[PDB]
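Protein chains in written order, with the authors' numbering: chain E, 2 to 95; chain G, 1 to 195; chain D, 685 to 789; chain C, 1023 to 1071.
Here is the structure we will look at.
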Amino acid sequence: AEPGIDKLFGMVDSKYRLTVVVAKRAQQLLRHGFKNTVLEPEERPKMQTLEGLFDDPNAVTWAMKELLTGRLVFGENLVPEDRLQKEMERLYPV
Amino acid sequence: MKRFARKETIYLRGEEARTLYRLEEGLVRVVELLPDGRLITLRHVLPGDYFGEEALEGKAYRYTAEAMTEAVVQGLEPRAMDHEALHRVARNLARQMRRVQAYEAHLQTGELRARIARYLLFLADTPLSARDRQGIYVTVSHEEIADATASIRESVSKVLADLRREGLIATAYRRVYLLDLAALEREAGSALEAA
Amino acid sequence: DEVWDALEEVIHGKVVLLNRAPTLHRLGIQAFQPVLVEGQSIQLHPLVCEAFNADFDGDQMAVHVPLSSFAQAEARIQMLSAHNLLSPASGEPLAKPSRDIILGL
Amino acid sequence: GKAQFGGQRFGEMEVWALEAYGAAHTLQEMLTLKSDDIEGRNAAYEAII
DNA sequence: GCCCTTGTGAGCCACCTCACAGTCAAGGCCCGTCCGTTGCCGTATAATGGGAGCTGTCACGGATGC
DNA sequence: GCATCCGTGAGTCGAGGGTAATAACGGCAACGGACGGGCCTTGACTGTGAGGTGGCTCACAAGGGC
RNA sequence: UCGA
Ligand SMILES: [Mg+2]
């Protein structure tokens, strides 16, 4: 089972909203190359390679953990799409 | 076995040298391409000669091999050769060493006119040559002659024009006819090893 | 052998969908985190056998790969086997001890 | 079929399953990018690679 | 105590750096030329109404018929 | 109102092999297509020519080494 | 004609 799935279901009125939030956040992370993360260097998800510990490539895991932290704000009509995208591209270029 | 057309390459510099080749028919040139775009003829591969020698020692080709005529080549696996094959390869490589060193000497012997005459007479003893009514001839461009006489096209064209005015040779359609073998022989001074 | 390691890197955290015909209810398809194994056989967890009505007398299953981040999210959250433990019909547990487990206990 | 290097059939009941899961983007993938959407599948492959 | 290789210096003489014309050659097109393949008619004894059927459901909704 | 015919349905997914057979012709006419060539539209080569300019050409007078 |  996914870690803290019950608590994640707790944060939303509908599971599907959780899914949408996670997916979209994952899209943000992928688009901006993880440099917009709310996580701390010790909170970063890790993956064991032959070399050793590396950053987890999976953005969904990242998004779910980030959501579990509470530092993310989700809802409807929080901000116009264009303004959001441009401010994100200003804070975290591509 | 594989056939190649004129100007087509058998292998490129820096590419994996997995295959050793032996020229069965035609004429092949081993050349090097400079950053500035100048092309230089390093050596001539004749039927029976082994080339792509980099496959015997390294991992990648160091030079480019280009077919000057319709050519028939045979691909070979270096690791699969017996005593006899290695013997033939050694002897042939020695022959090509002698010929490439003689070519070296040729490149620094005599003025441009002499070098051109010598190269023409050399090509006369290669599959690049043939014969009709006008006399013996060789199918070669001025650019290639420049590449194989340590000079550039323009000067070569000038010297060839001089030879045309003097009646020693005639030219048309990348095709040069050697009308006076004696005169060309005198101009060249020393002959170039054809085998 | 390095491409297998690369393949291990690729599938990290991602899930695949398993399906068995006939698909009578929504648990006819479930999401699983794949663990690469030698051999040509797909390995299925015992507890889900009831929901699939699956057994090992030669039954076959199909695998699907959700491509998008959205699809992956849907699979991991909504479609994951561990997240569906109760029957949507009776409300009773579907994934539960059976056969040998019950026998031992 | 395996002999034609074919893909698996996602039938009516499977679609019903996906609908019951409320997995809309997965279902949409099945109905488009992984099937007869040409521009979609081309762009999808290119995007993944 | 006698060999090997050096350091200038003045002066041409072919050979290389631009800048351009003309020149021979190869797929490409159109022509027409011819030739092969295609479309059309004409066949006048008399001739004058087809031929293969497919059989062991089963239940419902709906139009139709005494 | 109550028999009766007609039309339409009758579980999912996966696996491997199979495919033809035929009775009518010549006498012309003309397109439509294979072919052999000549005019093109470039693309790859010749044939100058006018400017610079390296680096061979060609004799001096000994310095360090073995 | 199979397999589940
Ligand atoms: Mg079974």
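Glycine is no exception: its CB is placed at the ideal position from the N, C-alpha and C atoms.
Which listed residue (the options) has its alpha carbon closest to that of residue i
| i | options | result |
| --- | --- | --- |
| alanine 188 of chain G | G:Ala117, G:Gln134, G:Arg29, G:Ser141 | G:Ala117 |
| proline 781 of chain D | D:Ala773, D:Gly775, D:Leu769, D:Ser774 | D:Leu769 |
| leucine 19 of chain E | E:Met65, E:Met89, E:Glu82, E:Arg84 | E:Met65 |
| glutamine 717 of chain D | D:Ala757, D:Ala690, D:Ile785 | D:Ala757 |
| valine 30 of chain G | G:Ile40, G:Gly75, G:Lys158, G:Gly135 | G:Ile40 |
| residue 1 of chain E | E:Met89, E:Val22, E:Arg32 | In this structure chain E extends from 2 to 95, so residue 1 of chain E is not present and cannot be described. |
| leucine 31 of chain E | E:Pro58, E:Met12, E:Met48 | E:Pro58 |
| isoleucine 169 of chain G | G:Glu144, G:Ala195, G:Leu192, G:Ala124 | G:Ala124 |
| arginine 1031 of chain C | D:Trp688, D:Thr707, D:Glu692 | D:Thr707 |
| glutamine 29 of chain E | E:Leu73, E:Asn78, E:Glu77 | E:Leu73 |
| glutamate 8 of chain G | G:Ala17, G:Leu184, G:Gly26, G:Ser190 | G:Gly26 |
| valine 719 of chain D | D:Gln762, D:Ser753, D:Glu692 | D:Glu692 |
| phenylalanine 75 of chain E | E:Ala2, E:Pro4, E:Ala24 | E:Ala24 |
| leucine 121 of chain G | G:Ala65, G:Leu12, G:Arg186, G:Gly167 | G:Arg186 |
| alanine 195 of chain G | G:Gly14, G:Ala102, G:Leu33 | G:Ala102 |
| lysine 47 of chain E | D:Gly697, D:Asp685, D:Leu787 | D:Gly697 |
| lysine 2 of chain G | G:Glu193, G:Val45, G:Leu76, G:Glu143 | G:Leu76 |
| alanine 105 of chain G | G:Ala90, G:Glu193, G:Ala85 | G:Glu193 |
| residue 814 of chain D | D:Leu789, D:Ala766, D:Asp689, D:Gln724 | With chain D running from 685 to 789 in the structure shown, residue 814 of chain D is simply not present. |
| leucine 40 of chain E | E:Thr50, E:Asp56, E:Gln49, E:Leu51 | E:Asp56 |
Chain E contact for residue i (CB, 7 angstroms cutoff)
| i | result |
| --- | --- |
| residue 791 of chain D | Nothing in the structure corresponds to residue 791 of chain D, since chain D is present only between 685 and 789. |
| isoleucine 761 of chain D | yes |
| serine 753 of chain D | yes |
| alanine 766 of chain D | yes |
7 angstroms CB neighbourhood of residue i in its chain, flanking five on each side removed
| i | result |
| --- | --- |
| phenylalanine 4 of chain G | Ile10, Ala67, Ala71, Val73 |
| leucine 56 of chain G | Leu20, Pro78 |
| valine 140 of chain G | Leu123, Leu128, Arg174, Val176 |
| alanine 17 of chain G | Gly52, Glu54, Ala55, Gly58, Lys59, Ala60, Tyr61 |
| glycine 712 of chain D | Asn703, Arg704, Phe736 |
| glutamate 3 of chain E | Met65 |
Residue i at chain D interface by Cβ criterion, 7 angstroms
| i | result |
| --- | --- |
| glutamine 86 of chain E | no |
| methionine 48 of chain E | yes |
| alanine 1025 of chain C | no |
| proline 58 of chain E | yes |
| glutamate 1034 of chain C | no |
| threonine 20 of chain E | yes |
| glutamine 28 of chain E | yes |
| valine 23 of chain E | yes |
| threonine 62 of chain E | yes |
Any C-beta of chain C under 7 angstroms from that of residue i
| i | result |
| --- | --- |
| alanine 735 of chain D | no |
| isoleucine 726 of chain D | no |
| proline 718 of chain D | no |
| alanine 779 of chain D | no |
| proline 730 of chain D | no |
| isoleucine 785 of chain D | no |
Same chain only: Cβ atoms within 6 angstroms of residue i, ignoring 5 sequence neighbours per side
| i | result |
| --- | --- |
| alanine 146 of chain G | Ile152, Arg153, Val156 |
| residue 664 of chain D | What the structure shows of chain D is the stretch from 685 to 789, and residue 664 of chain D is not part of that stretch, so it cannot be assessed. |
| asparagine 37 of chain E | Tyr93 |
| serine 774 of chain D | none |
| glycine 5 of chain E | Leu69 |
Beta-carbon contacts of residue i that lie in its chain and below 8 angstroms, excluding the five residues immediately before and after
| i | result |
| --- | --- |
| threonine 171 of chain G | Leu160, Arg164, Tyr177 |
| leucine 112 of chain G | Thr149, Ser151, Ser155, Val156, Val159 |
| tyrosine 137 of chain G | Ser129, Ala130, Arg131, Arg175, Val176, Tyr177, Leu178 |
| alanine 738 of chain D | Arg704, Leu728, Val732, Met745 |
| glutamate 776 of chain D | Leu770 |
| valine 61 of chain E | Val23, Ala24, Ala27 |
| residue 202 of chain G | Only positions 1 to 195 of chain G appear in this structure, which leaves residue 202 of chain G out of reach. |
| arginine 95 of chain G | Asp49, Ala195 |
beta-carbon residue i near ligand 3 non-hydrogen atom, thresh 6 angstroms
| i | result |
| --- | --- |
| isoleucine 116 of chain G | As for ligand 3, it is missing from this structure, which binds only ligand 1. |
(request) Using a Cβ-Cβ cut-off of less than 7 angstroms, list which residues of the region 693 to 711 of chain D approach chain C; keep chain order. (result) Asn703, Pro706, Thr707, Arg710
(request) Starting from the N-terminal end, write out each residue whose C-beta falls within a distance shorter than 7 angstroms of any non-hydrogen atom of ligand 1. (result) D:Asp739, D:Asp741, D:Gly742, D:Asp743
(request) Anything in the region 1045 to 1069 of chain C with a Cβ closer than 7 angstroms to a Cβ of chain D? List those residues in chain order, please. (result) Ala1045, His1047, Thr1048, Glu1051, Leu1055, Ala1066
(message) Closer than 7 angstroms between beta carbons: that is the criterion. Which residues of the region 736 to 748 of chain D meet it against chain C?
(response) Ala746
(message) To be precise: take each residue of the region 34 to 47 of chain E, compare its Cβ to all Cβ atoms of chain D, and keep it if any distance is under 8 angstroms. Which residues remain?
(response) none
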